[PDB]
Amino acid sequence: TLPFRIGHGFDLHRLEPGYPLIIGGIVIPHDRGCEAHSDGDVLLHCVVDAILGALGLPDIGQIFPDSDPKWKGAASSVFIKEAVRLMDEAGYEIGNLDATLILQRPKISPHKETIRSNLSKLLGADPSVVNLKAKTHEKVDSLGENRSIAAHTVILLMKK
């Protein structure tokens, strides 16, 4: 069994007027937000896919499909907790996590420590090993036109 396992997640959602903008569990006010079947939490979904992928498990759509055992309107916290449980039972913990959010507007930096603490609380990890940064998309393509929001996560898992 491997002492370290590397994961990558990506997620993108459409932003449309009058919808919720929820990032890592945190509500951020804005003229646009995520139009999705989920709660639209691009950061939470791609952290989940990074964990699942580091471990070689089925992906977020395979584990939590559109069709009930118990999902459909689950808060993204539900998917984060199930992913850390499966990680734990596989014999791994979080070494560190680095997420990049791509978002034209609004500014994420004022909410950053609030996001990091909530994401850390849900992962059961120390905030000193869970990181998030943000970037605009320079007014080009859908992301730049604020017609979408994307997140990348790279994660390094450690054998317990």
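So that there is no doubt, residue numbering starts at 1 and follows the sequence shown.
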{"query": "Given 129 to 137 and 59 to 67, the range whose Cα B-factors average higher in the PDB entry", "finding": "59 to 67"}
{"query": "139 to 147 or 20 to 28, whichever carries the higher mean Cα B-factor", "finding": "20 to 28"}
{"query": "Third of the chain, ranked by Cα B-factor, where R105 sits", "finding": "lowest"}
{"query": "Position of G33 among the chain's modelled residues by C-alpha B-factor, lowest, middle or highest third", "finding": "lowest"}
